[PDB]
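**Q** model this:
(7 chains, ligands or ions: 1)
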Amino acid sequence: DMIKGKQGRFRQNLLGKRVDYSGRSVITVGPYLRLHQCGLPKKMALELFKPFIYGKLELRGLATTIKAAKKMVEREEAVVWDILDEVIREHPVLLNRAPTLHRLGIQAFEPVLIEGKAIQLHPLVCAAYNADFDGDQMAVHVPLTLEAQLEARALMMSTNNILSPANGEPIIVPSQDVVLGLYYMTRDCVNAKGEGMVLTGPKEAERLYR
Amino acid sequence: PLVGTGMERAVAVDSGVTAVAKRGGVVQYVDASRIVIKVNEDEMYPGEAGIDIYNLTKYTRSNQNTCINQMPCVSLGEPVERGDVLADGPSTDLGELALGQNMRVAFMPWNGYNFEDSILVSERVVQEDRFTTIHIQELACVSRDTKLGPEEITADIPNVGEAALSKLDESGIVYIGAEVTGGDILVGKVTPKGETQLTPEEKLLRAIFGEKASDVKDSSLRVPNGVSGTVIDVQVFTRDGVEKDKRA
Amino acid sequence: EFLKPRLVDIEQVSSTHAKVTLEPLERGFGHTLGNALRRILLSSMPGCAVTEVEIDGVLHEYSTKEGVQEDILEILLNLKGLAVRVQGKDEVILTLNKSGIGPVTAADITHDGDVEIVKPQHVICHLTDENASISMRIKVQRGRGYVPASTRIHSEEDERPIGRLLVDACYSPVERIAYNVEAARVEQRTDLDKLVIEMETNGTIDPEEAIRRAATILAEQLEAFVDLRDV
Amino acid sequence: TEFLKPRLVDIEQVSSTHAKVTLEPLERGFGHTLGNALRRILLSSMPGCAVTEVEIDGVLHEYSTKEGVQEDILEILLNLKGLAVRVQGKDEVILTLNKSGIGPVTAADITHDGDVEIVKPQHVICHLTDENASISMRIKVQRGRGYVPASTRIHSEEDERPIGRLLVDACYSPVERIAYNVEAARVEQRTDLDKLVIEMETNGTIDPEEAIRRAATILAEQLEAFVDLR
Amino acid sequence: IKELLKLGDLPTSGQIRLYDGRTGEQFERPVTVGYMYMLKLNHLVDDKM
Amino acid sequence: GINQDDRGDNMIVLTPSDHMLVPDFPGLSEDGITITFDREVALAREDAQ
Amino acid sequence: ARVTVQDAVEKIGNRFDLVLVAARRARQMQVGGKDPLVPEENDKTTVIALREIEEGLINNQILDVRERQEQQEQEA
Ligand SMILES: [Mg+2]
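**A** Residues are numbered from 1 along each chain as shown, chains lettered A, B, ... in the order given. Below you will find the coordinate block:
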């Protein structure tokens, strides 16, 4: 029984492990984000990247030894947040949603530190994740080594995966609000204000509208 | 609810969360712990009647960690009839079910912050403090009898700074009303140590210094990591105890 | 060759409700100024409010006194609404002492010089016993914006007395703001507009001072903007 | 009490008429108030000079045709709308264009008057074909504030004018395009602060910075009457 | 519902003209506003995070 | 092979270890001893070596 | 940040040994045996190596020539 079966072995402990440097939280809209980035709460980011923080603090000499680095993290001074911002700069993180049906269930993003306890997810990718904002949760892993960084930015980055592996068509198509806004914008009406006046370009069109 | 169905009073009354009058009378005394009512002569027992007193229950922990608090509705000198709602249970008002709160909504897309089923909320709602709930955790420290010796609840705890003792009384229990944080020592307990076999000169040194061979280990409970609140209540259950403890 | 707006009649309908008019507004600046002032007023008006409370017989927010029917939390909720005007000092300590049966209103506060209690009828509590007595000392500070207890907890600064009860600070006096820009027929002009600002406040900041301070803040920031180095 | 005033005013001036301007330190919520106020004031109320009316020696209505110009009359009006001219002293002046021969009749070929400077001498106006190549016109330019559409003047044209009096929309304000983005910026502990990036396109004459300068100046001038705590 | 709206002196159609709180400009095509009774469920982010 | 926990405020706590080099060290005890290298701390903390 | 790696994969179409050459370069860069050939703008060493690859300065053969030159240099 210990060997065979789900609860026993191979499935559970040899194909279904439990990694470190991982987290979970509720997903949220965050419209202001760029397609290639994701909002990440400060406190989880600090907890995850703790050892990086210690390494950089010791490199800069702000702390003599590792215990002093720990104490400096537990006070949380401005320098710590500055170092965290600097280290996070190009380091990408992996986002995963519980039923990973296809390879788009795991994707890499560049995190941006934000307040709050909710993860901010770019809208366009929700269709790929089959994600809905009704209490769905997501897990977040951190690639450590240099090869992992290169792999995340090259193979897994959002901008490199625009076509579905199943068929060639685009996956990231606008879903509901975007198409409604554009539709409203483009439809014409027989008669309104400024019918049939001639404009030298779009810039004065915007001048007129605003 | 601004928009109900009328069934609210039936549900609220039939659940046992409200306090409802059994024999109608007049409210004699009103406090935020008990309501004392003088019975009406009709329902008044001839022999050995007296008056009716309803003690309310204040914040205790429910199974789901929510707060269970009752508020009085009535005032001094008001007449009450059998089957009226004296005290409001959790999330009920004057007999009616009030599960949530009614707010002014507007249906429109506001720069895709309500893109999907997500909801936008105004800072006025948090300012007015209308969606803030109280939760309640319970913690238990158990002192058993080992065969190496019973553990002790004393405040003398090896190699702890006096900061940790500051909030403990002489008996070893937190003061009611103290604000605690993660990692603070909830209660003091000592693990017995045996076969010390100290040298006689070492025993003399221990005697002068006061070091205790019996202790040297701490089984003291600590606040779980990352939870911080106020101690509202303490209870003590003693199976054998020679005498009731101070706190008892 | 321009016009410029002059502050004209300021009607006061009630102690809280006020109408302020600005007559000679150039075309197009009506909405701009209306909205700018609305924003500044709603966001940045400095006010004073109670920050923490100590009552005698109570260890923590959740206990209950004999002879009162409200819970302590409701007492804090009542204190949050107290509208007060402090003139000279930054932190004042008011003292409330009442006994016997009756509604303890805000009027019973010990009358100090520098502090003005705007609404003395504001209820605080109801006693129900002849010998029941409440004493408390309420500490009132000046500030801007909205600061809750839990954020300030990081900066506790010796919150050591367990009798202390922290209250969230709503450091903002203005409740409501509306404006209307309407055609201001000026005797030598065709198309001019007058801005009418209708404001509802808790009755602490006077309209004139509110408008003056808002204009001050906006003008100062605009001054900061005027220069551009390009160096 | 004491507020937080912006520093580090960086300006990335790619393509002199197009300027990006970044302002990282601003207080919560002032991003939209200032961006919108600035945008509206810049766009709707800005003193400038522009072409108003024109008389063609050859055509009586805007749909008639001149022989040998492939471009229609409406195209000529649209090209004349883009002419950015600055006169110093005079309020209303009437320029004449007379050109012959093959090629693009450009703004440089206009008669050189005293107070008026044409910022773009190479702006195309008309294209003249061969062997006839006769173009002559009189364009009247006036000073005014803001934007005035044709429809509002043509409404009040009960004062009958001779044929050929062709009205043109007056583009007085020198700003061609204005936009502002607000984005998150944190001072090491306070995150609810914002950066303002203002993208501005002007029509060559004055650079965007000084335009902004006089905009803020004017707004301060209106506000001056109330501010007195100093 | 129409009658009750009329008794309060509000548009019978249930839509009002609204001003954008950031910009101050009006929204085209008036929108439905009104009070709805909402509830906060037991799923609190701090427990989940 | 002496474990040195750095409490942080110029005080080291020394405790023996499984890999210490001697059966018993003359001065050391399993409960550990606190030390400070600064003479002023020593003058302020007589409980330290 | 390098938002697209399209030019680097267009340089070497395998899209895999790209990762290997970039790893070799970034490994010579991290352990400070080498120096960047492009003026850095406070980027980390990964994006530096990609920026070097996309400009055509570095590939596997350039790595091989520089390594053998360094080998013969330290050999003497
Ligand atoms: Mg969901």
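**Q** Excluding residues flanking it in the chain, which one is nearest residue C:16?
**A** Residue nearest to residue C:16 in three dimensions, not counting chain neighbours: residue C:203, with 4.7 Å by CB to CB, 6 or more residues apart in numbering or on different chains. Where C-beta positions appear, they are placed from N, C-alpha and C, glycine not excepted.
**Q** go on, residue A:127?
**A** Residue A:127 sits nearest to residue A:175 (CB to CB, 6+ apart), 5.9 Å away.
**Q** mind listing what the most centrally placed residue in chain E touches?
**A** Per CA atoms, centre = their mean, the C-alpha nearest to the average position across chain E is that of residue E:33, at 3.1 Å. Residues near residue E:33 by CB atoms under 8 Å, 6 or more residues apart in numbering or on different chains: B:104-107, E:15-16, E:18.
**Q** Just to be sure, it is in a strand?
**A** Yes: assessed with DSSP: H, G, I helix; E, B strand; the rest coil, residue E:33 lies in a strand.
**Q** beta partners for it?
**A** Residues in a beta bridge with residue E:33, per DSSP bridges, are residue B:106.
**Q** Please tell me how far it sits from residue E:39.
**A** Residue E:33 is 20 Å from residue E:39, where distance means CB to CB, to the nearest Å.
**Q** interface residues of chain E facing chain A?
**A** Selection of chain E residues close to chain A by CB under 8 Å from any CB of the partner chain yields E:43, E:45-46, E:48-49.
**Q** Residue F:38 contacts residue F:10, correct?
**A** Yes: here residue F:38 lies in contact with residue F:10, judged by CB atoms under 8 Å, at a distance of 5.6 Å.
**Q** hey, where'd the strands end up in chain F?
**A** Using DSSP state E, the strands of chain F run over F:3-6, F:12-15, F:33-35.
**Q** and the first one, anywhere near chain A?
**A** Yes: applying CB under 8 Å from any CB, one finds that strand F:3-6 is in contact with chain A at residue F:6.
**Q** Could you list the residues in contact with that strand?
**A** Against strand F:3-6 from outside (CB under 8 Å, 6+ apart): A:65, A:67, F:12-17, F:32.
**Q** Greatest separation within these: which pair is it?
**A** Of all pairs drawn from the contacts of strand F:3-6, the greatest distance, 21.3 Å, lies between A:65 and F:16 (CB to CB).
**Q** between the two, which one's more packed in?
**A** Taking other CB atoms under 10 Å in any protein chain shown, residue A:65 and residue F:16 do not tie; residue F:16 has more neighbours (17 against 12).
**Q** Angles on the backbone of the more buried one, please.
**A** Phi and psi for residue F:16, reported as degrees, to the nearest 10, are phi -70, psi -180.
**Q** elements contacting the longest helix along chain A?
**A** Counting residues, the longest helix found in chain A (DSSP state H) is helix A:42-59. With contacts taken as 3 or more CB pairs under 8 Å, 6 or more residues apart in numbering or on different chains; DSSP states H and E, helix A:42-59 sits against strand A:22-28, helix A:66-75, helix A:78-88, strand A:106-114.
**Q** Find the one among these with the highest mean neighbour count.
**A** Mean neighbour count (mean count of other CB atoms under 10 Å in any protein chain shown) peaks for strand A:106-114 among the helices and strands packed on helix A:42-59, with a mean of 21.
**Q** what's it in contact with?
**A** Around strand A:106-114, the neighbours that count as contacts under CB under 8 Å, 6+ apart are A:33, A:36-42, A:45, A:84-85, A:88, A:90-96, A:100, A:120, A:122, A:125, A:128, A:143, A:152-153, A:156-158, A:161, D:184, D:186, D:191, G:1.
**Q** if you set the cut-off to 6 Å instead, what comes out?
**A** Contacting residues not belonging to strand A:106-114 are listed as A:37-40, A:42, A:45, A:88, A:92-96, A:152, A:156-158 [CB atoms under 6 Å, 6 or more residues apart in numbering or on different chains].
**Q** Stretch E:36-49 now?
**A** When contacts are defined by CB under 6 Å, 6+ apart, stretch E:36-49 is touched by residues A:25-26, A:117, A:135, B:1-3, B:99-100, B:102, B:105, B:131.
**Q** Count the residues that sit near residue 6.
**A** Chain wasn't specified; assuming chain A. 9.
**Q** switch to chain F, that's the one I care about
**A** So residue F:6, with other CB under 10 Å, has 16 neighbours.
**Q** Run through the bridge partners of it.
**A** residue F:12.
**Q** Give me the distance between it and chain D.
**A** 28 Å (CB to the nearest CB, to the nearest Å).
**Q** Repeat that for residue B:92.
**A** 38 Å.
**Q** can you tell me how far that residue sits from residue B:79?
**A** 22 Å.
**Q** nearest residue to the residue of chain F found nearest chain B other than its sequence neighbours?
**A** Per CB to the nearest CB, the residue of chain F with the smallest distance to chain B is residue F:31, at 6.7 Å. Spatial nearest neighbour of residue F:31, excluding adjacent residues (CB to CB, 6+ apart): residue B:216 at 6.7 Å.
**Q** and stretch B:182-190 with chain E, contact?
**A** No: Stretch B:182-190 lies out of reach of chain E by CB under 6 Å from any CB of the partner chain, never closer than 13.4 Å.
**Q** ok, residues contacting that stretch?
**A** By CB under 6 Å, 6+ apart, stretch B:182-190 touches B:141, B:151-153, B:155, B:157, B:164, B:172, B:215, B:219-223, B:225-226.
**Q** go on, stretch B:198-205?
**A** By CB under 6 Å, 6+ apart, stretch B:198-205 touches no other residue.
**Q** That's all I had, so thanks and see you.
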